[PDB]
Every structure is written in C-alpha cells, then in structure tokens.
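Before any comments, here is the structure.
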There are 2 protein chains.
Amino acid sequence: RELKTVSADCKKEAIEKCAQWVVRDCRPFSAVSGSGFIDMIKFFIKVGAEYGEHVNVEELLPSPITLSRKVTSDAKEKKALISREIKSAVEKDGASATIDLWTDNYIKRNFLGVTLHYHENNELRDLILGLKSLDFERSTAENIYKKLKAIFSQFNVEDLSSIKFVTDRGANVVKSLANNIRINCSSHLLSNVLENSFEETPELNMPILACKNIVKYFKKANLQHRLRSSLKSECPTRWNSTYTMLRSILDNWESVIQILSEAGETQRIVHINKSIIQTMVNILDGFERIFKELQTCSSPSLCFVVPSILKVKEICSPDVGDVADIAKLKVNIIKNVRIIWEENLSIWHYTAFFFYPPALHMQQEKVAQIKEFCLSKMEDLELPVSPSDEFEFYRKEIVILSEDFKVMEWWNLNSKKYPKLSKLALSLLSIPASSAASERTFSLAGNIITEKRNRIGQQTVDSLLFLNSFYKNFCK
Amino acid sequence: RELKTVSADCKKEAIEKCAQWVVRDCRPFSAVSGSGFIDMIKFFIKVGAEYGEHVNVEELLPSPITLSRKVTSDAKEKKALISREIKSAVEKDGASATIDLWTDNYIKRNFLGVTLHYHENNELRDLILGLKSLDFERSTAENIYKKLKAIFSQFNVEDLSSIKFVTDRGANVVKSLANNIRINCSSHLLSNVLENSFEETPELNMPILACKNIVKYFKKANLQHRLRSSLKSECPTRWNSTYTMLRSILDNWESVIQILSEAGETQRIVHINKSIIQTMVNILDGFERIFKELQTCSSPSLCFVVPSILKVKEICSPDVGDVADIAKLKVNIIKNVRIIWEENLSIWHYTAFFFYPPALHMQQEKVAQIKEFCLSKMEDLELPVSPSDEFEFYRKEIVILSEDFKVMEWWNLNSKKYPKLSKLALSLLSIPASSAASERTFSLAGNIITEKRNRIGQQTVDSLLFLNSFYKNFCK
DNA sequence: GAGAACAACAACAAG
DNA sequence: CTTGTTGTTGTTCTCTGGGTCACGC
DNA sequence: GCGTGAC
DNA sequence: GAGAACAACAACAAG
DNA sequence: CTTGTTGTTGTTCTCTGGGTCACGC
DNA sequence: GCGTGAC
C-alpha cells in the first residue's frame, strides 16, 4: 500500500530540476500539477526501479511526430471500441446530441461540433463525437448534415431518426436538422429574451451602451492600473456579460468618475445615477444562476427549463417601488419570456417538467398533450401494470422537495413501480437542455489551436479532443 | 558509461503514457523534445532506481507555487553571484550593453530591457541582465536611467561609465543615456534609410502599399486557403517584411489576380507592374543578409558596419537599363546611405573596421582620428615598444582573407604581439552593433506573458528570463 | 468558463 | 517570540464571431 | 434582389 | 526571429 | 517482395506598437 | 502651444 517518502535532499532536487524544465522549455509552473504529467511521471519512476540509474532515454523518449500519430491511433482505437456502446444507446432512444459551429481564429477553418448525451447506469455520459472541418466548404445546411452523418458513421450509426437534437437557432443548423427531432437550446432563448428586452428599453440601454465604452476607453487609454478592479468589457456574444461589466464599473465607480473627469474626458461620464445600475446588476445577478443551472451537463437540465421560466417571471414580478425605467424592463422581459422562450418551447419540455415528481401544478391542459405524447411512445416501441395506468399511478405519487433531491436517482429507485415509465424519465432527463456542450468543446479546441501551434491538422485536433473527452467519461 | 536500452514493449508504453500527458494537460507534442524536460526526466528514472516502482509522488513533485517561489530565488543567487565576473568586465572596460523599451499587451506594463556583452578569454557571451518594469510611471529619460542603475546595481555597479552602449534613436533612451558612450543601432538606422528611400519614391511606394492592402484583404475575406502560399503582411515594426510580403505576393502572382478580379475587387491590382515588383524583391533580397550579419550578437558585428554600407552601394550602384523608377530608388538609397546611416557613425565603427586586419582601404581621413582615439584610452586606462608603435607595427600587418577567417581569434593568435593593442580589438569586436539582443529578450518575454499567464509578475518574469540566459551562456 | 499566477493565510521547522 | 519554508484556499485576470446562411416578401 | 433574424 | 506541427523521405522491422 | 514503426530533414505557419517622450520654432 | 521625428 504505502509508498516511500523520499529524503529532504531528494525532494530538494525535484524542485531544482522541474524549476529548470520551466525555464529551458519555457512552460508554466502549473504544469507540474498535470493529471497526465503525474501519471507519466510514475511510469518514469518505475522505469528507474527496474532498469536503474543508467538508461539512455534519448531513444526511449519519442519524437513528437510519433506522439502526434499515436494520438491519432489511440483516437481511432477508442472510437470504434466504444462505438458499440454508442450504437446501443441511440437505438435505446436515450440518445440526444448537441451541435454548433465555430471557426478557429488563425487559419479560419469552419467547424462543426457534436457531443452525445445518454445515461449509463447512474452516470450521464457527455462526450465529444467529433469536431470536423467543413474544410472551406460553404457552411450551408447539407455540408453540415454531410459532415454530421460523417461523424456518426465512424460509430456506424447510420440512423439519426431517434436522436433528439438540441441546438441554437441558426438558419443553418435549424434546417440542417429540419428532418429530425429538434429542441431549442434554452440558454440562447433566454439571451434573446434579455437582449431584446434591452433593445426595447433604451431609457436604460443608453447608459449600458455608455458604460460599454468607458471600458473600451480605459482599456485603450491604458488606465485601470489604478483601479483595484479591472473594468470588465461586455462581450457581444456571451450571456449579458453586461452583468459582468455593470458589476465591474459598479465597483470602481468613484475612482472612474474622478479619473474620467480629472482627465477632462468627463464628457463620457454622461448618464449619472449609479443607483439604476445597482438595480440592474441586482436584476441581472439572479439570471446568472438560471444560466448556470441551465447549461449544466453533470446532472439533468431540461426538466428545470419550465420552473426557471416562471422563475424569470418572478424576478420580473411587477413592483410599485419600481422607478419608471425599471418597471418597463420587467414587462418587456415577461412579455418576451412569453413570445420568445415559452413559444419556442416544445413538448419534450413540458413532459420533462412532468417528470420532476414534485410537479403538482404543471397540470394545465398540459397532461392532455403529455399523456398523448407519453403513451404514443411507450407501448409498441420498447424496441400487472398496463401502459395507460402507470400515468395516473404516477399522479398519486407525492414527494416533498428536499435539500438534496436527485430526480436522477428517484427513478431507478422508484423503478418497476412504473416499469414502462421508468424508461421515459431515464431517457428524457438525459437530454441536455442547452447547446453548452458544444461551446464548452469549442473553448477547448481554442487552446489546442493557438498562435504557435497553428500548423495542427483537423484530425489531430479532433483526435486530441475526443481522447480527452474519453478519459473523462470512462476512466478514474 | 553505456546506458540501458529498455524493451520495445517498455518503449510503446512510454509512447502511450506520454501521449496521455499531452491529452490530459493539453500540452504541445514538442514538449517531449524539450531539453530541460529530459534533465528533468532522468532524475525520475534515477529516483526510481534508488526507491523503486512504489514512490509517494504527490509529496514529491513540488507545488506550482514553490517552483515560482524557487525560480525567483535561483534568480537571486545566480545574480549577485556573478556580480563579480560581471564587474570584472565592467572595470576591464571590455563590456557592452544593449537597451530598448517594450511593453506587454494584456496588462500593458512597460519594460526596460538590458543585455550585457563581453569576451572573457575567447568566448563572446551575450547575456540578459534585466527587464524591469517602470510600473506605470511614465518612462521619460529620467526614470529609465533610474531603472538602469536598478538593474545594473544588482551586480553591484553604480559606476556605469566604461560601458559601451548601443541603442536606437528614440528620444527617451537617447536623452536618458546622453552621459555615457552611446552607439546607434545600425540595423534600425539601415531601416530608416530604407524606410524613407521608399517614402521618397512614390511610384514604387504606391504599388508597395497597394500590396499591403491586398494582403489585409485576403486575411479578412478569408481567402489564402486556395493559394499554396499564404500572403505575408508587411508589418510596420520589423525590417521590410516588405521583402517577405512582396515575395509572398509575388510567389502567388497569377492566383491573386484570378481570385481578386473574379471577386470583382480587381480595382486593387490596378497599379501593378509585376515586372517592377520582381525587381524590388530582388533588390530587397540582399539587404536580408546585411540585416542578419548586423544583428548577430554571437560573433563580432560592429566591424562589419562600414563595409556593409559599401555593399549597400554596389547594390544601388547605377545601371543603365534600370527602368527609371528602379534607378530613382537606387539613387534615393545612396543619398540617405550618406545622410542617415553614415552620418550617425562613431569613431568606434571605423576603429572596429581597422581591427579587422584586411583593412588597407580604410585609410581615408580616418586613421587620423582613429589613432587619436585608440591611443586616447590605450595608454591611460591600464589596470619595450611604446604604445604608439604597436599601431604602426600593426599598420604594417598585412593579411590574406580566409573564407574561414575569424578575427575574434586572430587578435588572440597574434595577441600580445601588439600587447597594449591586442586587448583594444578585444573590447571593440565585442561591441554588438545592433539593438536586437534587446528585441530577442522581448520576443521571449512575450512567450512568457500570455493570455492565461497574464497574472505573472515583473519579478517572476525577470527571474525566468535571466536564468534561461544564464543556462545558455554558462552551462554545458 | 477555463488556464494560470499568486495574496493571503496557516500550519510547521528552526533559530 | 520572531523569523523562514513548504502547501492550501480563494481571488483575480485575460480572452471571447462578422461575414454568411436561410427566409420572406 | 434585399432587408431581417439568427448565429 | 521563434515555437511548434508536420511532409517527405529514408532507414529499419516484420509479414 | 510488400507492408508497418520510429526517426530525421527541412518547411511552413502564425504573430507582430500607437500613442508617447524629446526637441525646436 | 503645435509639429516633427524617433520609437
């Protein structure tokens, strides 16, 4: 079991060696921490045990072109390996995927991301099918579906029918999937909601915009070295990082106004009244949680879409204290929530909030359409407990929401009390609710494809990318 | 001596576990080949010999903060360590130093680079002294000087007099250093000559600029992928990327008009003369060499400044059959060759040409002030053939030119044979002739200071940088 | 959000 | 009682798509 | 052909 | 100029 | 004879200062 | 104070 602590003088040398690694190879300190470094390191203590202190590691060590190639091999390896387990879940109908497009920022190749989502015992696989180049082809619907199918046919999946896709609404992808099950990414719809509700309340949105430029100025004026917080720019595509910006302007407020006025540029300090800001960061702060709770890939997401929506309506519940500029937003939101989000919703959404057992109220008409849905799947399609019964049997379920409630677990551990229903919630709750996975994926491609790494080929990135998703879901 | 060669089973379990590293830390393939990374690895095998296949790794390898905490302390020891061997060049008068100003682009702090150059027997070591930030104080001559004593002070030297300083003509450092020996960076100067000679031949400068904006067009419209070369933007900051651009635009010639006209953007190719362009890239091409020989800071450099100029003329020495454009550039060069480049030379450049012994021609008016110089400091700073003869005795030195000639060692083989002389051509051929040693330092500094590395401090950078130069000068 | 540095602290060796 | 080492925890920073595909008129 | 709505 | 990935080749192992 | 593994050479690609300090009218 | 020549 236990392993040798080495001596104070042997510790002391592992310092001054790795210290020199950092220097002569110009690497970041953080890389000693590597969970692949550390294991790689163990394999080189073991080759010390059994070949001892005199070994020529020149020829032992690979060239990096062998690592490049090994990396493409191991990649093809594990792709066909668990390509079986894949083809299973997709025909168990518990298959949903996320897809989005992206462009590297040096070569400017156009790219399609795909991740897959299915449950496996109690686990929830979220993993990268592929990121593959459209090459320089034209980024239309079919080239997407072309490469799309291409991605699945490495796993021999030739049928996308049963696959519920969740995606943003780009005209491209929207009709790239026009002939499949298609679910709208809920993190986007929210953003749509929010940024239209600001378009339409320029009473506020004039300062917001005005803020956006104080950042842009300070940044170009090269200020902020006197701040104690750096002003955070709003980035156009990311979720009202407006909230981030406001908060950041919000903290240096006196220092800004001063520095702005004291450089005479106070012609930029235009709209005063910090207090209407403070309310918006107060408003925007609560949506932060919703976005977070919405893109979660570690546990179910979809079924919390609905309660979040009314959660939005409840942030925006009208108020008498509202200054007239605030009051307007609240309604510009709620309206938008209705006509943008709730109305770009689907049946999988309201079925998925059914399967939170403390749904008493979802009733509406809803369970009408839900039953018709739920039944329409259940009976024939499984490709002493009747199918139409388990429903009302379910309705008599009553739970209290608890500090730790896992709806993930309640179902395998309520199973067989609804042995045809236990197979729905297991299948719908694996559905991710947002196209986040793809973005998360793109984020990681971005640190592969870098200024100095720029020659890297489409296959080494995709291979590099799968592989790290692979040791992620399958290996401890 | 001879070292163990592990099984070809043990091999392919390094090339699977090493790949593991690159995928789980997202590190570059080339990280394996890293030299300091092997003198790292070997200690891990050797550490596996002594304690065997079972070791406690997580206490072993240090925390990334200790490696910073070390790397900055290693900095200390090896700095005021060599403060002796440094000062031994300083008071020996045979030391050189290059300085310039840079600034990072994330945090936008602004830095003072310094390097040192000396010989110490037959070596010629080029060694980074320091990079100290100004903090945000505004970088006039005056607080530059301050940081200079700061950097030099850490090697104990408050007397910076004897130091031959080479730099550009930015007025901040020009003023700042007024009180010491300043020499002018002759690559900067030679760029000016080029820089203006082109401003002043607008029938050439207009197609050149047309080119630049062709480039920036492909980059934006994201062509370049159907080319087989990428177009290479001229950047303002560096020496006639114009070459590399004009060639890069030249090597794609037919494709470019195809793509551009067939984009109906062909109005950008309208002042063309692909003939006259080939001319420029060829004229431009042999300045490359001169640029390279001028900034070499490991071999002697200064001694080439004068003849490099001459070679600039036999480049522009007139040709009848030069379409008039071509020959106006040529003539416009040869003018500022005189009034920018030659005009800024110092007795050092002419002296250093003499101390390259195949100097017959250098006679001119020069040997007048030449000798007034070399003896001006020869007799008095010293710390049977009078000093004045060894010149004339040298003057009778008469040498053939070896393709393999090395005058560093010449002045050592025939050393002491002009004894109160022999070391003057030591202190002279160790002067760098160019400010590039500084830019090299900067280039390196910006591979330290990156997006995700943006948190690092001045110290932790200056430390990292000194070391990498230390291990390079002082370690086999 | 995610790499990546470290400010601040806190346990600890030593003096 | 006052300094000098490793590591732990929590904080801060930087970067974040514009030309291009669908679709209505 | 063009302006609009997503990305 | 400098990291970094790879094409192309050549040297070699193995079917 | 082909096919398959590990290197080696030698090429390619990306990135590149705009607002500041002097100095004279 | 305004412009230029260096970065």
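Ligands are numbered from 1 in the order shown, residues from 1 within each chain, and chains are lettered A, B, ... in the order they appear in the structure tokens.
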Problem - Residue neighbourhood residue 458 in chain A, 9 Å, only C-alpha atoms (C1' of nucleotides), exclusion window fewer than 3 positions, as an NGL selection string - result: :A and (131-133 or 135 or 461-463)
At most 12 Å is the cut-off: for each residue in chain A with any atom that close to an atom of chain D, write down the nearest atom pair and the distance in Å rounded to one decimal, counting only C-alpha atoms (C1' of nucleotides), chain first then increasing number, as a tab-separated table.
```
residue	atom	partner	partner_atom	distance
A:8	CA	D:6	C1'	11.6
A:11	CA	D:6	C1'	11.1
A:12	CA	D:6	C1'	10.9
A:15	CA	D:6	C1'	11.4
A:101	CA	D:17	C1'	10.5
A:102	CA	D:17	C1'	8.4
A:103	CA	D:17	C1'	8.1
A:104	CA	D:17	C1'	10.1
A:105	CA	D:17	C1'	9.4
A:108	CA	D:17	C1'	10.9
A:110	CA	D:17	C1'	11.5
A:138	CA	D:21	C1'	9.0
A:139	CA	D:21	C1'	7.2
A:140	CA	D:21	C1'	6.1
A:141	CA	D:21	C1'	8.0
A:142	CA	D:21	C1'	11.3
A:143	CA	D:21	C1'	11.6
A:144	CA	D:21	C1'	11.4
A:169	CA	D:22	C1'	10.8
A:170	CA	D:21	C1'	8.1
A:171	CA	D:22	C1'	4.9
A:172	CA	D:21	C1'	5.7
A:173	CA	D:21	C1'	9.4
A:174	CA	D:22	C1'	9.0
A:175	CA	D:22	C1'	8.3
A:176	CA	D:22	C1'	10.5
A:178	CA	D:22	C1'	11.9
A:228	CA	D:12	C1'	10.2
A:229	CA	D:12	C1'	8.7
A:230	CA	D:13	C1'	8.4
A:231	CA	D:13	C1'	10.9
A:232	CA	D:13	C1'	10.1
A:233	CA	D:16	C1'	10.1
A:234	CA	D:16	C1'	9.7
A:235	CA	D:16	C1'	6.6
A:236	CA	D:16	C1'	8.6
A:237	CA	D:16	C1'	7.9
A:238	CA	D:16	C1'	8.0
A:239	CA	D:16	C1'	11.5
A:241	CA	D:16	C1'	10.6
A:439	CA	D:16	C1'	11.5
A:442	CA	D:16	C1'	11.4
A:443	CA	D:16	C1'	9.5
A:446	CA	D:15	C1'	10.4
A:447	CA	D:15	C1'	10.9
```
Exercise for the section: Could you list the residues in chain E lying within 10 Å of chain A, using only C-alpha atoms (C1' of nucleotides), and format the result as number ranges by chain? Expected result: E: 5-7
Do you have, as a Markdown table, the list of residues of chain C lying at most 12 Å from chain A, each with its nearest atom pair and that distance in Å to one decimal, counting only C-alpha atoms (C1' of nucleotides) and ordered by chain then number?
```
| residue | atom | partner | partner_atom | distance |
| --- | --- | --- | --- | --- |
| C:1 | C1' | A:440 | CA | 8.0 |
| C:2 | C1' | A:443 | CA | 8.1 |
| C:3 | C1' | A:30 | CA | 8.7 |
| C:4 | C1' | A:30 | CA | 6.6 |
| C:5 | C1' | A:30 | CA | 8.5 |
| C:6 | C1' | A:29 | CA | 11.3 |
```
Would you mind exporting the chosen residues as a JSON list (two decimals), in the first residue's frame, restricted to C-alpha atoms (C1' of nucleotides)?
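Listed below is the output, selection.json:
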```
[["chain", "number", "residue", "atom", "x", "y", "z"],
["C", 1, "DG", "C1'", -15.86, 29.43, -18.19],
["C", 2, "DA", "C1'", -11.12, 27.81, -18.12],
["C", 3, "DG", "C1'", -5.73, 28.10, -17.66],
["C", 4, "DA", "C1'", -2.94, 30.01, -14.98],
["C", 5, "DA", "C1'", -0.38, 33.06, -11.13],
["C", 6, "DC", "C1'", -0.19, 34.31, -6.70]]
```
Problem - Within 6 Å of chain B: residues of chain A, using only C-alpha atoms, as a PyMOL selection string - result: chain A and resi 3-5+11+17-21+23-25+29-30+34+36-37+40+44-49+52-56+60+64+67+468
Write out the residues from the selection above, keeping N, CA, C and O atoms, as a short mmCIF file (atom, residue, chain, number, x, y, z; two decimals), in the first residue's frame.
```cif
data_model
loop_
_atom_site.label_atom_id
_atom_site.label_comp_id
_atom_site.auth_asym_id
_atom_site.auth_seq_id
_atom_site.Cartn_x
_atom_site.Cartn_y
_atom_site.Cartn_z
N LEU A 3 3.83 4.16 0.16
CA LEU A 3 4.96 4.35 -0.73
C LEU A 3 5.96 5.31 -0.10
O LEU A 3 5.63 6.13 0.77
N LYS A 4 7.19 5.21 -0.56
CA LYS A 4 8.29 5.85 0.15
C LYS A 4 8.19 7.35 0.01
O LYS A 4 8.24 7.90 -1.09
N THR A 5 8.08 8.03 1.14
CA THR A 5 8.62 9.37 1.18
C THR A 5 10.10 9.31 0.87
O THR A 5 10.83 8.58 1.54
N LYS A 11 13.88 15.39 -2.34
CA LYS A 11 12.87 16.40 -2.60
C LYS A 11 13.54 17.63 -3.18
O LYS A 11 13.32 17.97 -4.34
N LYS A 17 15.06 20.64 -10.42
CA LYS A 17 15.02 20.09 -11.76
C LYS A 17 13.83 20.65 -12.53
O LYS A 17 14.00 21.28 -13.58
N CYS A 18 12.61 20.38 -12.04
CA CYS A 18 11.42 20.96 -12.63
C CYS A 18 11.53 22.48 -12.77
O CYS A 18 11.03 23.07 -13.74
N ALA A 19 12.16 23.13 -11.81
CA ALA A 19 12.43 24.54 -11.99
C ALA A 19 13.17 24.78 -13.30
O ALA A 19 12.91 25.76 -14.01
N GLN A 20 14.08 23.91 -13.65
CA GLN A 20 14.81 24.18 -14.87
C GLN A 20 14.00 23.76 -16.09
O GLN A 20 14.10 24.41 -17.14
N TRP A 21 13.15 22.74 -15.98
CA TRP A 21 12.19 22.45 -17.03
C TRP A 21 11.43 23.70 -17.47
O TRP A 21 11.39 24.07 -18.65
N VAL A 23 12.19 26.67 -17.08
CA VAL A 23 12.98 27.75 -17.63
C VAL A 23 13.44 27.45 -19.05
O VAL A 23 13.24 28.25 -19.97
N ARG A 24 14.01 26.28 -19.25
CA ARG A 24 14.69 25.98 -20.50
C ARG A 24 13.75 25.51 -21.57
O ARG A 24 14.11 25.54 -22.74
N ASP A 25 12.59 25.00 -21.17
CA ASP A 25 11.47 24.75 -22.06
C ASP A 25 10.36 25.81 -22.02
O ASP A 25 9.35 25.67 -22.74
N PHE A 29 4.40 27.23 -14.56
CA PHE A 29 4.50 26.47 -13.32
C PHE A 29 3.37 25.45 -13.19
O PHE A 29 3.60 24.28 -12.89
N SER A 30 2.16 25.82 -13.56
CA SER A 30 1.03 24.98 -13.26
C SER A 30 1.17 23.57 -13.81
O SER A 30 0.33 22.72 -13.47
N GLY A 34 -0.03 18.33 -13.50
CA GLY A 34 -0.77 17.62 -14.51
C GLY A 34 -1.18 16.21 -14.14
O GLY A 34 -0.35 15.34 -13.91
N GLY A 36 -1.97 14.18 -16.20
CA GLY A 36 -1.33 13.31 -17.17
C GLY A 36 0.18 13.32 -17.01
O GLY A 36 0.88 12.38 -17.38
N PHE A 37 0.66 14.40 -16.39
CA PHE A 37 2.07 14.56 -16.07
C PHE A 37 2.43 13.63 -14.97
O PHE A 37 3.46 12.95 -15.01
N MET A 40 2.29 10.08 -16.17
CA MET A 40 3.51 9.96 -16.96
C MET A 40 4.73 9.91 -16.04
O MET A 40 5.66 9.15 -16.29
N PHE A 44 7.91 6.87 -15.19
CA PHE A 44 9.35 7.06 -15.24
C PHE A 44 10.04 6.96 -13.89
O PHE A 44 11.27 7.01 -13.82
N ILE A 45 9.29 6.80 -12.81
CA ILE A 45 9.95 6.27 -11.63
C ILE A 45 10.06 4.75 -11.76
O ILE A 45 11.07 4.17 -11.38
N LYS A 46 9.03 4.10 -12.33
CA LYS A 46 9.03 2.64 -12.45
C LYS A 46 10.10 2.15 -13.40
O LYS A 46 10.72 1.12 -13.14
N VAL A 47 10.33 2.86 -14.51
CA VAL A 47 11.44 2.50 -15.39
C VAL A 47 12.79 2.79 -14.74
O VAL A 47 13.83 2.33 -15.24
N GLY A 48 12.82 3.52 -13.63
CA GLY A 48 14.01 3.61 -12.79
C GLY A 48 14.25 2.43 -11.84
O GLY A 48 15.39 1.98 -11.65
N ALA A 49 13.16 1.97 -11.21
CA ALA A 49 13.23 0.78 -10.39
C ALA A 49 13.87 -0.35 -11.17
O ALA A 49 14.91 -0.89 -10.78
N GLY A 52 17.17 0.90 -13.39
CA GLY A 52 18.24 1.52 -12.62
C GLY A 52 18.89 2.72 -13.31
O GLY A 52 18.63 3.03 -14.46
N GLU A 53 19.82 3.34 -12.58
CA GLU A 53 20.22 4.72 -12.83
C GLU A 53 20.90 4.96 -14.19
O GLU A 53 21.11 6.12 -14.54
N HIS A 54 21.25 3.93 -14.95
CA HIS A 54 21.88 4.19 -16.25
C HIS A 54 20.99 3.71 -17.38
O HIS A 54 21.06 2.54 -17.78
N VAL A 55 20.25 4.65 -17.97
CA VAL A 55 19.38 4.40 -19.12
C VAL A 55 19.51 5.57 -20.08
O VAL A 55 19.57 6.74 -19.67
N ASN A 56 19.53 5.24 -21.37
CA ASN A 56 19.59 6.22 -22.45
C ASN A 56 18.15 6.53 -22.80
O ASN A 56 17.44 5.70 -23.38
N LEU A 60 14.47 5.98 -25.89
CA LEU A 60 13.25 5.66 -25.15
C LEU A 60 12.16 6.68 -25.43
O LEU A 60 11.04 6.34 -25.82
N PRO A 64 8.01 13.87 -31.13
CA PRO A 64 6.60 14.28 -31.09
C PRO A 64 5.82 13.89 -32.33
O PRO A 64 4.58 13.87 -32.27
N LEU A 67 4.22 10.85 -31.10
CA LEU A 67 3.10 11.24 -30.23
C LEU A 67 1.93 11.78 -31.02
O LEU A 67 0.77 11.52 -30.67
N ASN A 468 -9.52 13.37 -24.90
CA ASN A 468 -9.66 13.91 -23.55
C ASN A 468 -11.10 13.81 -23.06
O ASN A 468 -11.32 13.68 -21.85
#
```
Problem - Exercise: range 329-339 of chain B partners within 9 Å, only C-alpha atoms (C1' of nucleotides), chain neighbours under 6 positions left out, as a count of residues only - result: 17
Exercise for the section: Tell me, as a ChimeraX atom specification, which residues lie within 10 Å of residue 125 in chain B, counting only C-alpha atoms (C1' of nucleotides); anything in the same chain fewer than 6 positions away does not count. Expected result: /B:116-119,297-299,430,469,472-474
Handout entry: Residues within 12 Å of residue 149 in chain B, only C-alpha atoms (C1' of nucleotides), excluding chain neighbours under 3 positions, as a list in words
Key = residues 112, 114, 129, 130, 132, 142, 143, 144, 145, 146, 152, 153, 154, 155, 156, 157, 158, 159, 160, 161, 176 and 177 of chain B
